[PDB]
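Novice: So here's work38.pdb, just PDB, C-alpha atoms and all ligand atoms:
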ATOM      1  CA  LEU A1043       0.000   0.000   0.000
ATOM      2  CA  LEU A1044       2.881   2.412   0.626
ATOM      3  CA  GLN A1045       4.296   1.771  -2.845
ATOM      4  CA  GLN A1046       1.033   2.988  -4.419
ATOM      5  CA  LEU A1047       2.249   6.554  -3.823
ATOM      6  CA  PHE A1048       4.918   6.165  -6.502
ATOM      7  CA  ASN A1049       2.627   5.269  -9.409
ATOM      8  CA  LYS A1050       1.746   7.842 -12.056
ATOM      9  CA  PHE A1051      -1.681   6.356 -12.984
ATOM     10  CA  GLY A1052      -1.736   8.278 -16.264
ATOM     11  CA  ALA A1053      -0.545  11.601 -14.866
ATOM     12  CA  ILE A1054       2.852  13.004 -15.843
ATOM     13  CA  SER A1055       4.335  12.548 -12.365
ATOM     14  CA  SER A1056       3.697  10.722  -9.121
ATOM     15  CA  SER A1057       4.740  13.839  -7.200
ATOM     16  CA  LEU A1058       2.209  16.461  -6.174
ATOM     17  CA  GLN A1059       4.980  19.073  -6.110
ATOM     18  CA  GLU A1060       6.415  18.437  -9.578
ATOM     19  CA  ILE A1061       2.931  19.097 -10.966
ATOM     20  CA  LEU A1062       2.293  22.315  -9.055
ATOM     21  CA  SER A1063       5.726  23.674 -10.002
ATOM     22  CA  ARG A1064       5.646  22.855 -13.720
ATOM     23  CA  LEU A1065       2.041  23.393 -14.848
ATOM     24  CA  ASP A1066      -0.509  26.175 -14.878
ATOM     25  CA  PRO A1067      -3.355  26.031 -12.305
ATOM     26  CA  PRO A1068      -5.798  25.171 -15.121
ATOM     27  CA  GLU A1069      -3.530  22.437 -16.448
ATOM     28  CA  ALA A1070      -2.479  21.109 -13.038
ATOM     29  CA  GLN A1071      -5.973  20.054 -11.971
ATOM     30  CA  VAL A1072      -6.214  17.554 -14.829
ATOM     31  CA  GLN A1073      -3.164  15.697 -13.483
ATOM     32  CA  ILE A1074      -4.112  16.030  -9.815
ATOM     33  CA  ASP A1075      -7.513  14.510 -10.639
ATOM     34  CA  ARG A1076      -5.847  11.406 -12.128
ATOM     35  CA  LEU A1077      -3.599  11.010  -9.086
ATOM     36  CA  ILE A1078      -6.615  11.372  -6.773
ATOM     37  CA  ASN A1079      -8.540   8.720  -8.698
ATOM     38  CA  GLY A1080      -5.662   6.240  -8.716
ATOM     39  CA  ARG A1081      -4.977   6.581  -5.001
ATOM     40  CA  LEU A1082      -8.668   6.331  -4.060
ATOM     41  CA  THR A1083      -8.934   3.166  -6.163
ATOM     42  CA  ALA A1084      -5.942   1.671  -4.311
ATOM     43  CA  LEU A1085      -7.547   2.469  -0.960
ATOM     44  CA  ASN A1086     -10.874   0.902  -1.967
ATOM     45  CA  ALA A1087      -9.143  -2.324  -2.993
ATOM     46  CA  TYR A1088      -7.230  -2.518   0.308
ATOM     47  CA  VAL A1089     -10.384  -1.848   2.329
ATOM     48  CA  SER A1090     -12.278  -4.669   0.594
ATOM     49  CA  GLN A1091      -9.391  -7.061   1.216
ATOM     50  CA  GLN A1092      -9.399  -6.318   4.959
TER      51      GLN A1092
ATOM     52  CA  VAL B  51      22.510   4.727 -12.632
ATOM     53  CA  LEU B  52      23.084   8.435 -13.229
ATOM     54  CA  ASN B  53      24.306   9.855  -9.917
ATOM     55  CA  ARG B  54      22.522   7.418  -7.626
ATOM     56  CA  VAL B  55      24.048   5.136  -4.999
ATOM     57  CA  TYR B  56      22.462   1.804  -4.063
ATOM     58  CA  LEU B  57      23.721  -0.187  -1.088
ATOM     59  CA  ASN B  58      23.480  -3.930  -0.258
ATOM     60  CA  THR B  59      20.422  -4.848  -2.298
ATOM     61  CA  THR B  60      19.100  -6.071  -5.615
ATOM     62  CA  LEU B  61      17.511  -3.707  -8.116
ATOM     63  CA  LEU B  62      15.061  -4.495 -10.910
ATOM     64  CA  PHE B  63      15.843  -1.824 -13.467
ATOM     65  CA  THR B  64      14.415  -1.136 -16.925
ATOM     66  CA  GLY B  65      17.130   0.453 -19.017
ATOM     67  CA  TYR B  66      19.150   0.330 -22.241
ATOM     68  CA  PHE B  67      21.287  -2.795 -22.265
ATOM     69  CA  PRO B  68      22.596  -5.278 -24.812
ATOM     70  CA  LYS B  69      20.687  -8.464 -25.533
ATOM     71  CA  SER B  70      22.337 -11.332 -23.659
ATOM     72  CA  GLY B  71      23.769 -13.721 -26.227
ATOM     73  CA  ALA B  72      24.236 -11.285 -29.098
ATOM     74  CA  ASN B  73      27.455 -10.714 -31.014
ATOM     75  CA  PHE B  74      29.564  -7.691 -31.873
ATOM     76  CA  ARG B  75      30.649  -5.853 -35.007
ATOM     77  CA  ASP B  76      34.246  -4.772 -35.613
ATOM     78  CA  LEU B  77      34.154  -1.407 -37.400
ATOM     79  CA  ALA B  78      37.769  -0.342 -36.846
ATOM     80  CA  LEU B  79      39.865   0.334 -39.955
ATOM     81  CA  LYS B  80      43.623   0.922 -40.344
ATOM     82  CA  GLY B  81      44.739   2.748 -43.462
ATOM     83  CA  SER B  82      48.319   3.169 -44.650
ATOM     84  CA  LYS B  83      48.290   5.305 -47.814
ATOM     85  CA  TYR B  84      44.931   5.082 -49.662
ATOM     86  CA  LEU B  85      41.328   6.037 -48.896
ATOM     87  CA  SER B  86      38.563   3.805 -50.259
ATOM     88  CA  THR B  87      34.903   4.353 -51.173
ATOM     89  CA  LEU B  88      33.189   1.024 -50.412
ATOM     90  CA  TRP B  89      34.402   1.695 -46.849
ATOM     91  CA  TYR B  90      31.838   4.514 -46.640
ATOM     92  CA  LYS B  91      28.590   2.666 -47.446
ATOM     93  CA  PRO B  92      25.563   1.419 -45.403
ATOM     94  CA  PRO B  93      27.653  -1.661 -44.636
ATOM     95  CA  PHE B  94      29.764   0.729 -42.532
ATOM     96  CA  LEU B  95      27.376   3.686 -42.261
ATOM     97  CA  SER B  96      25.147   2.267 -39.558
ATOM     98  CA  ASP B  97      21.883   2.955 -37.712
ATOM     99  CA  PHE B  98      21.116   4.447 -34.293
ATOM    100  CA  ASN B  99      17.681   3.491 -32.981
ATOM    101  CA  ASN B 100      18.037   3.250 -29.205
TER     102      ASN B 100
ATOM    103  CA  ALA C 150      28.720  18.530 -30.401
ATOM    104  CA  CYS C 151      28.622  21.098 -33.215
ATOM    105  CA  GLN C 152      27.359  21.406 -36.785
ATOM    106  CA  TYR C 153      30.419  20.568 -38.840
ATOM    107  CA  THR C 154      31.234  20.653 -42.550
ATOM    108  CA  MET C 155      31.790  16.933 -42.960
ATOM    109  CA  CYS C 156      34.238  15.549 -45.486
ATOM    110  CA  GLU C 157      33.206  12.964 -48.051
ATOM    111  CA  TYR C 158      36.012  10.544 -47.104
ATOM    112  CA  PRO C 159      36.932  11.233 -43.459
ATOM    113  CA  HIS C 160      40.055   9.772 -41.860
ATOM    114  CA  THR C 161      42.580  10.410 -39.099
ATOM    115  CA  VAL C 162      46.334  10.511 -38.459
ATOM    116  CA  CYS C 163      48.315   9.027 -35.590
ATOM    117  CA  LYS C 164      49.818  11.792 -33.441
ATOM    118  CA  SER C 165      52.886   9.696 -32.563
ATOM    119  CA  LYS C 166      54.625   9.443 -35.969
ATOM    120  CA  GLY C 167      52.839  11.135 -38.863
ATOM    121  CA  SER C 168      51.692   9.301 -41.966
ATOM    122  CA  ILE C 169      51.541  10.177 -45.668
ATOM    123  CA  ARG C 170      48.047  11.685 -45.544
ATOM    124  CA  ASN C 171      46.668  14.320 -43.154
ATOM    125  CA  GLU C 172      43.892  14.086 -40.577
ATOM    126  CA  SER C 173      40.936  15.750 -42.290
ATOM    127  CA  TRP C 174      37.367  14.926 -41.286
ATOM    128  CA  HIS C 175      36.325  18.594 -41.672
ATOM    129  CA  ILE C 176      37.525  21.913 -43.108
ATOM    130  CA  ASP C 177      35.806  24.395 -40.803
ATOM    131  CA  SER C 178      38.310  26.994 -39.546
ATOM    132  CA  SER C 179      35.641  29.607 -38.693
ATOM    133  CA  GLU C 180      34.364  28.342 -35.223
ATOM    134  CA  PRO C 181      30.921  26.957 -36.210
ATOM    135  CA  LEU C 182      27.841  26.660 -34.006
ATOM    136  CA  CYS C 183      28.126  24.193 -31.119
ATOM    137  CA  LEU C 184      25.732  22.590 -28.665
ATOM    138  CA  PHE C 185      28.264  20.905 -26.379
ATOM    139  CA  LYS C 186      31.992  20.937 -25.602
ATOM    140  CA  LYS C 187      33.902  19.093 -22.873
ATOM    141  CA  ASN C 188      37.150  17.266 -21.987
ATOM    142  CA  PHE C 189      37.454  13.988 -20.024
ATOM    143  CA  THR C 190      40.394  11.833 -18.968
ATOM    144  CA  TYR C 191      41.172   8.123 -19.034
ATOM    145  CA  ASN C 192      43.981   5.811 -18.001
ATOM    146  CA  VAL C 193      46.713   5.772 -20.618
ATOM    147  CA  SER C 194      47.851   2.229 -19.786
ATOM    148  CA  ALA C 195      44.467   0.483 -19.572
ATOM    149  CA  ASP C 196      43.767  -2.037 -22.332
ATOM    150  CA  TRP C 197      39.990  -2.190 -22.727
ATOM    151  CA  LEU C 198      37.565   0.723 -22.730
ATOM    152  CA  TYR C 199      33.787   0.562 -22.901
TER     153      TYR C 199
ATOM    154  CA  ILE D 597      20.530  35.238 -29.022
ATOM    155  CA  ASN D 598      18.340  32.351 -27.812
ATOM    156  CA  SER D 599      20.545  29.535 -29.128
ATOM    157  CA  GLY D 600      23.610  28.436 -27.237
ATOM    158  CA  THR D 601      25.360  27.997 -23.943
ATOM    159  CA  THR D 602      26.361  31.387 -22.484
ATOM    160  CA  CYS D 603      23.285  31.469 -20.236
ATOM    161  CA  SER D 604      22.278  34.096 -17.620
ATOM    162  CA  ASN D 605      21.579  31.265 -15.050
ATOM    163  CA  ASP D 606      19.575  33.435 -12.570
ATOM    164  CA  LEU D 607      19.299  30.364 -10.300
ATOM    165  CA  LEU D 608      16.681  30.184  -7.514
ATOM    166  CA  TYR D 609      19.001  29.870  -4.469
ATOM    167  CA  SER D 610      22.091  27.584  -4.590
ATOM    168  CA  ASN D 611      22.572  28.809  -1.008
ATOM    169  CA  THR D 612      25.162  27.208   1.268
ATOM    170  CA  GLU D 613      22.411  26.865   3.859
ATOM    171  CA  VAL D 614      22.115  23.179   4.682
ATOM    172  CA  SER D 615      20.290  23.666   7.979
ATOM    173  CA  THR D 616      20.161  20.401   9.885
ATOM    174  CA  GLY D 617      17.524  19.574  12.466
ATOM    175  CA  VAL D 618      14.331  21.006  10.933
ATOM    176  CA  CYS D 619      11.907  20.323   8.099
ATOM    177  CA  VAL D 620      12.850  22.000   4.800
ATOM    178  CA  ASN D 621      11.927  21.866   1.147
ATOM    179  CA  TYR D 622      14.702  20.623  -1.099
ATOM    180  CA  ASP D 623      15.520  20.732  -4.804
ATOM    181  CA  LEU D 624      18.623  18.531  -4.803
ATOM    182  CA  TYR D 625      20.125  18.239  -8.315
ATOM    183  CA  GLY D 626      16.635  18.021  -9.841
ATOM    184  CA  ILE D 627      14.829  15.973  -7.175
ATOM    185  CA  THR D 628      12.169  17.781  -5.155
ATOM    186  CA  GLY D 629      10.797  16.971  -1.744
ATOM    187  CA  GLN D 630      10.603  17.858   1.923
ATOM    188  CA  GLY D 631      12.543  16.430   4.817
ATOM    189  CA  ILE D 632      14.788  16.775   7.841
ATOM    190  CA  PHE D 633      18.530  16.769   7.215
ATOM    191  CA  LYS D 634      21.069  15.247   9.576
ATOM    192  CA  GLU D 635      24.825  15.326   9.011
ATOM    193  CA  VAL D 636      26.820  12.090   8.942
ATOM    194  CA  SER D 637      30.141  10.633   7.787
ATOM    195  CA  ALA D 638      29.780   8.389   4.746
ATOM    196  CA  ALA D 639      32.379   6.585   2.647
ATOM    197  CA  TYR D 640      30.457   5.356  -0.409
ATOM    198  CA  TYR D 641      30.201   8.335  -2.784
ATOM    199  CA  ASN D 642      32.321   8.061  -5.886
ATOM    200  CA  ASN D 643      33.000  11.229  -7.843
ATOM    201  CA  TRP D 644      30.083  10.698 -10.254
ATOM    202  CA  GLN D 645      27.514  10.179  -7.496
TER     203      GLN D 645
HETATM  204  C1  LIG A1101      40.304  19.855 -24.970
HETATM  205  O1  LIG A1101      41.633  19.374 -25.180
HETATM  206  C2  LIG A1101      42.175  19.670 -26.472
HETATM  207  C3  LIG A1101      43.514  18.975 -26.549
HETATM  208  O2  LIG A1101      44.211  19.062 -25.316
HETATM  209  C4  LIG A1101      42.264  21.184 -26.648
HETATM  210  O3  LIG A1101      42.736  21.476 -27.958
HETATM  211  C5  LIG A1101      43.863  22.375 -27.918
HETATM  212  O4  LIG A1101      43.454  23.748 -27.766
HETATM  213  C6  LIG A1101      44.537  24.689 -27.715
HETATM  214  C7  LIG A1101      43.924  26.048 -27.471
HETATM  215  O5  LIG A1101      42.857  26.304 -28.376
HETATM  216  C8  LIG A1101      45.341  24.621 -29.011
HETATM  217  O6  LIG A1101      46.456  25.501 -28.917
HETATM  218  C9  LIG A1101      45.821  23.196 -29.255
HETATM  219  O7  LIG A1101      46.469  23.111 -30.518
HETATM  220  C10 LIG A1101      44.650  22.216 -29.221
HETATM  221  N1  LIG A1101      45.122  20.852 -29.381
HETATM  222  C11 LIG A1101      44.583  19.990 -30.248
HETATM  223  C12 LIG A1101      45.193  18.624 -30.280
HETATM  224  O8  LIG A1101      43.641  20.300 -30.968
HETATM  225  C13 LIG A1101      40.887  21.805 -26.446
HETATM  226  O9  LIG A1101      40.979  23.224 -26.484
HETATM  227  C14 LIG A1101      40.279  21.380 -25.108
HETATM  228  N2  LIG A1101      38.920  21.881 -24.987
HETATM  229  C15 LIG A1101      38.485  22.570 -23.929
HETATM  230  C16 LIG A1101      37.051  23.000 -23.972
HETATM  231  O10 LIG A1101      39.215  22.835 -22.982
HETATM  232  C1  LIG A1102      25.041  35.747  -9.574
HETATM  233  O1  LIG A1102      26.087  34.967 -10.002
HETATM  234  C2  LIG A1102      27.126  34.803  -9.037
HETATM  235  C3  LIG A1102      28.290  34.208  -9.803
HETATM  236  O2  LIG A1102      29.518  34.420  -9.120
HETATM  237  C4  LIG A1102      26.568  33.952  -7.893
HETATM  238  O3  LIG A1102      27.517  33.795  -6.839
HETATM  239  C5  LIG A1102      28.119  32.452  -6.765
HETATM  240  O4  LIG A1102      27.369  31.481  -5.981
HETATM  241  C6  LIG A1102      27.943  30.161  -6.009
HETATM  242  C7  LIG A1102      27.051  29.287  -5.159
HETATM  243  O5  LIG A1102      27.569  29.146  -3.842
HETATM  244  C8  LIG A1102      29.395  30.175  -5.511
HETATM  245  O6  LIG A1102      29.972  28.892  -5.727
HETATM  246  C9  LIG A1102      30.231  31.230  -6.230
HETATM  247  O7  LIG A1102      31.519  31.310  -5.629
HETATM  248  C10 LIG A1102      29.535  32.587  -6.184
HETATM  249  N1  LIG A1102      30.315  33.600  -6.882
HETATM  250  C11 LIG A1102      31.259  34.336  -6.281
HETATM  251  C12 LIG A1102      31.970  35.330  -7.144
HETATM  252  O8  LIG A1102      31.532  34.198  -5.095
HETATM  253  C13 LIG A1102      25.312  34.623  -7.334
HETATM  254  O9  LIG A1102      24.655  33.745  -6.428
HETATM  255  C14 LIG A1102      24.314  35.045  -8.428
HETATM  256  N2  LIG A1102      23.296  35.911  -7.862
HETATM  257  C15 LIG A1102      22.124  36.177  -8.444
HETATM  258  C16 LIG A1102      21.215  37.095  -7.689
HETATM  259  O10 LIG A1102      21.812  35.703  -9.527
HETATM  260  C1  LIG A1103      23.063  -6.108   3.501
HETATM  261  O1  LIG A1103      21.730  -5.805   3.031
HETATM  262  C2  LIG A1103      20.703  -6.224   3.948
HETATM  263  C3  LIG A1103      19.375  -5.940   3.284
HETATM  264  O2  LIG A1103      18.298  -6.044   4.205
HETATM  265  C4  LIG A1103      20.869  -5.511   5.291
HETATM  266  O3  LIG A1103      19.908  -6.025   6.206
HETATM  267  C5  LIG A1103      22.275  -5.719   5.844
HETATM  268  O4  LIG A1103      22.464  -4.913   7.000
HETATM  269  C6  LIG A1103      23.331  -5.355   4.803
HETATM  270  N1  LIG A1103      24.665  -5.641   5.304
HETATM  271  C7  LIG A1103      25.453  -4.708   5.849
HETATM  272  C8  LIG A1103      26.804  -5.172   6.297
HETATM  273  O5  LIG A1103      25.092  -3.543   5.974
HETATM  274  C1  LIG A1104      49.069  18.032 -45.198
HETATM  275  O1  LIG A1104      49.082  19.435 -44.846
HETATM  276  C2  LIG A1104      50.345  20.087 -45.041
HETATM  277  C3  LIG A1104      50.184  21.505 -44.549
HETATM  278  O2  LIG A1104      49.009  22.104 -45.079
HETATM  279  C4  LIG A1104      50.744  20.005 -46.512
HETATM  280  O3  LIG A1104      52.025  20.597 -46.687
HETATM  281  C5  LIG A1104      50.770  18.551 -46.967
HETATM  282  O4  LIG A1104      51.041  18.480 -48.362
HETATM  283  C6  LIG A1104      49.434  17.870 -46.675
HETATM  284  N1  LIG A1104      49.485  16.466 -47.050
HETATM  285  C7  LIG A1104      48.874  15.978 -48.132
HETATM  286  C8  LIG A1104      49.031  14.505 -48.368
HETATM  287  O5  LIG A1104      48.220  16.692 -48.886
HETATM  288  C1  LIG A1105      45.685   3.483 -14.013
HETATM  289  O1  LIG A1105      46.302   4.733 -13.641
HETATM  290  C2  LIG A1105      47.118   4.673 -12.463
HETATM  291  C3  LIG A1105      47.617   6.077 -12.216
HETATM  292  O2  LIG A1105      47.256   6.952 -13.275
HETATM  293  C4  LIG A1105      48.251   3.670 -12.665
HETATM  294  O3  LIG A1105      48.986   3.545 -11.455
HETATM  295  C5  LIG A1105      47.694   2.309 -13.063
HETATM  296  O4  LIG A1105      48.765   1.423 -13.369
HETATM  297  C6  LIG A1105      46.772   2.428 -14.276
HETATM  298  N1  LIG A1105      46.191   1.134 -14.593
HETATM  299  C7  LIG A1105      45.889   0.764 -15.837
HETATM  300  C8  LIG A1105      45.302  -0.603 -15.994
HETATM  301  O5  LIG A1105      46.074   1.504 -16.790
END
Could I get this structure in the form of structure tokens?
Specialist:
Amino acid sequence: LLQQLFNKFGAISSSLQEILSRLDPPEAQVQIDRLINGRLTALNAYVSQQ
Amino acid sequence: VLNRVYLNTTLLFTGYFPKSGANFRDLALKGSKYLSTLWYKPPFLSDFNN
Amino acid sequence: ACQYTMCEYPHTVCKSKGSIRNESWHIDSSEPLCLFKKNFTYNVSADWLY
Amino acid sequence: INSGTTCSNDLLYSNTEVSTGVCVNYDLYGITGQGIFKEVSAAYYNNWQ
């Protein structure tokens, strides 16, 4: 579960700071939405397994 | 790896390596007095993909 | 790494005892445009280099 | 202009301010993050690393 925070999931980076430093606030939300969806999916799968 | 240090472990790394079990290609040439033309052809002018 | 005026039949000359021909892989004595320039060192007595 | 190497760097802050003990933001040679630094003696860095 800790290694899920190093997947890109379709975004250009796995880092929330390399997106906010290198993209405009319109263009950053498209990548932050993909990271949010990938990490929420990982948490749902873990919660069902428990 | 570029400027990274790894210590007492194994690493699974995707990179740019030779294929294990492939052969080489001697392209060195030693002239003495003359300068050919068939030396300068797509036999010796080669490709660069990766 | 520069844009050079490349010869048709390029070749070199050993800088220990000179040969019949001259080292001429370009004729560009006007300092052309360059992307990169550097100098590195290696062991003079080592046999194999990769 | 606008093609070559003689650049007017204008770098953020290559400050000699490695402050140990507290949380900082870092941009170390391209890698970004946050963390607490703590000085040590280490004998495994070659000159390319
Ligand atoms: C890299 O090294 C080469 C060879 O040591 C340098 O070329 C010499 O440059 C000086 C000054 O321009 C000339 O007087 C010599 O005749 C050159 N030697 C040869 C063999 O060409 C070169 O300048 C160095 N490059 C850098 C960026 O320092
Ligand atoms: C302007 O450029 C100078 C170039 O000298 C910068 O000062 C250098 O900073 C580095 C980083 O520690 C040192 O290694 C150099 O020794 C410094 N130069 C000197 C002459 O001491 C400076 O930081 C730059 N400032 C701005 C505002 O761009
Ligand atoms: C070798 O690597 C293992 C990896 O877990 C580590 O536990 C061990 O301490 C290492 N050996 C030394 C001498 O540091
Ligand atoms: C090599 O260059 C020198 C000086 O320009 C010249 O005298 C000599 O004839 C050249 N060699 C050949 C084979 O042309
Ligand atoms: C490498 O260089 C060192 C010093 O420059 C020398 O002592 C050593 O013999 C060299 N080894 C080879 C294989 O060239």
Novice: What residues of the protein or nucleic acid chains come within 9 Å of ligand LIG 1105 (chain A) when you use all atoms listed in the file? Reply as a PyMOL selection string.
Specialist: chain C and resi 191-197
Novice: Give me the residues within 7 Å of residue 621 (chain D) as a list in words, counting all atoms listed in the file and dropping any in the same chain fewer than 5 places off.
Specialist: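 Residues meeting the cut-off are residues 629, 630 and 631 of chain D.
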Novice: Using all atoms listed in the file, I'd like every residue of chain B that has an atom within 12 Å of chain C; please write them out as a PyMOL selection string.
Specialist: chain B and resi 78-91
Novice: Evaluated on this file, the ChimeraX specification (/B :<9) & /D picks out some residues - which ones are they, written as a ChimeraX atom specification?
Specialist: /D:640-642,644-645
Novice: For a test of reading the model, state the distance in Å between atom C7 of ligand LIG 1102 (chain A) and CA of residue 605 (chain D), rounded to one decimal.
Specialist: 11.5 Å
Novice: So which residues are near ligand LIG 1102 (chain A), meaning at most 7 Å away with all atoms listed in the file counted, given back as a list in words?
Specialist: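 Taking all atoms listed in the file into account, the residues around ligand LIG 1102 (chain A) at most 7 Å away are residues 606, 607, 610, 611 and 612 of chain D.
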Novice: Counting only C-alpha atoms and all ligand atoms, what are the residues of chain C within 9 Å of ligand LIG 1101 (chain A), and for each of them which pair of atoms is the nearest and at what distance in Å, to one decimal? Sort the table by chain and rising number, as a Markdown table.
Specialist:
| residue | atom | partner | partner_atom | distance |
| --- | --- | --- | --- | --- |
| C:164 | CA | A:LIG1101 | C12 | 8.8 |
| C:186 | CA | A:LIG1101 | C16 | 5.7 |
| C:187 | CA | A:LIG1101 | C16 | 5.1 |
| C:188 | CA | A:LIG1101 | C1 | 5.1 |
| C:189 | CA | A:LIG1101 | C1 | 8.2 |
Novice: Using all atoms listed in the file and a cut-off of 9 Å, which residues of chain A sit close to chain D? Please list them as a PDB file with C-alpha atoms, in the coordinates of the input.
Specialist:
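In the end it all went to result.pdb:
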ATOM      1  CA  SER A1057       4.740  13.839  -7.200  1.00  0.00           C
ATOM      2  CA  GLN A1059       4.980  19.073  -6.110  1.00  0.00           C
ATOM      3  CA  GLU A1060       6.415  18.437  -9.578  1.00  0.00           C
TER       4      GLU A1060
END
Novice: From the coordinates supplied, region 167-183 of chain C should be written with N, CA and C atoms, as an mmCIF file, in the first residue's frame.
Specialist:
data_model
loop_
_atom_site.group_PDB
_atom_site.id
_atom_site.type_symbol
_atom_site.label_atom_id
_atom_site.label_comp_id
_atom_site.auth_asym_id
_atom_site.auth_seq_id
_atom_site.Cartn_x
_atom_site.Cartn_y
_atom_site.Cartn_z
ATOM 1 N N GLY C 167 53.791 10.769 -37.831
ATOM 2 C CA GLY C 167 52.839 11.135 -38.863
ATOM 3 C C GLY C 167 52.958 10.314 -40.135
ATOM 4 N N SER C 168 51.818 10.163 -40.801
ATOM 5 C CA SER C 168 51.692 9.301 -41.966
ATOM 6 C C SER C 168 51.850 10.111 -43.251
ATOM 7 N N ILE C 169 51.516 9.487 -44.382
ATOM 8 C CA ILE C 169 51.541 10.177 -45.668
ATOM 9 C C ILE C 169 50.419 11.203 -45.754
ATOM 10 N N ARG C 170 49.197 10.805 -45.422
ATOM 11 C CA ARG C 170 48.047 11.685 -45.544
ATOM 12 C C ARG C 170 47.935 12.564 -44.301
ATOM 13 N N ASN C 171 46.921 13.428 -44.275
ATOM 14 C CA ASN C 171 46.668 14.320 -43.154
ATOM 15 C C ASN C 171 45.310 14.002 -42.548
ATOM 16 N N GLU C 172 45.164 14.286 -41.256
ATOM 17 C CA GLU C 172 43.892 14.086 -40.577
ATOM 18 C C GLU C 172 42.917 15.172 -41.004
ATOM 19 N N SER C 173 41.876 14.780 -41.737
ATOM 20 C CA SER C 173 40.936 15.750 -42.290
ATOM 21 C C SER C 173 39.556 15.103 -42.346
ATOM 22 N N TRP C 174 38.778 15.277 -41.277
ATOM 23 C CA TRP C 174 37.367 14.926 -41.286
ATOM 24 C C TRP C 174 36.464 16.145 -41.389
ATOM 25 N N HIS C 175 37.046 17.343 -41.478
ATOM 26 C CA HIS C 175 36.325 18.594 -41.672
ATOM 27 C C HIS C 175 37.309 19.674 -42.106
ATOM 28 N N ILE C 176 36.793 20.678 -42.811
ATOM 29 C CA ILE C 176 37.525 21.913 -43.108
ATOM 30 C C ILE C 176 36.605 23.055 -42.674
ATOM 31 N N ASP C 177 36.766 23.489 -41.428
ATOM 32 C CA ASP C 177 35.806 24.395 -40.803
ATOM 33 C C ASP C 177 36.498 25.409 -39.892
ATOM 34 N N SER C 178 37.564 26.046 -40.375
ATOM 35 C CA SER C 178 38.310 26.994 -39.546
ATOM 36 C C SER C 178 37.617 28.350 -39.414
ATOM 37 N N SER C 179 36.374 28.364 -38.906
ATOM 38 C CA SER C 179 35.641 29.607 -38.693
ATOM 39 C C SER C 179 34.783 29.582 -37.429
ATOM 40 N N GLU C 180 35.078 28.676 -36.467
ATOM 41 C CA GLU C 180 34.364 28.342 -35.223
ATOM 42 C C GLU C 180 32.848 28.220 -35.407
ATOM 43 N N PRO C 181 32.363 27.103 -35.952
ATOM 44 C CA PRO C 181 30.921 26.957 -36.210
ATOM 45 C C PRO C 181 30.106 26.744 -34.936
ATOM 46 N N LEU C 182 28.784 26.692 -35.123
ATOM 47 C CA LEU C 182 27.841 26.660 -34.006
ATOM 48 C C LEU C 182 27.867 25.316 -33.292
ATOM 49 N N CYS C 183 27.911 25.364 -31.960
ATOM 50 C CA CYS C 183 28.126 24.193 -31.119
ATOM 51 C C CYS C 183 27.031 24.077 -30.073
#
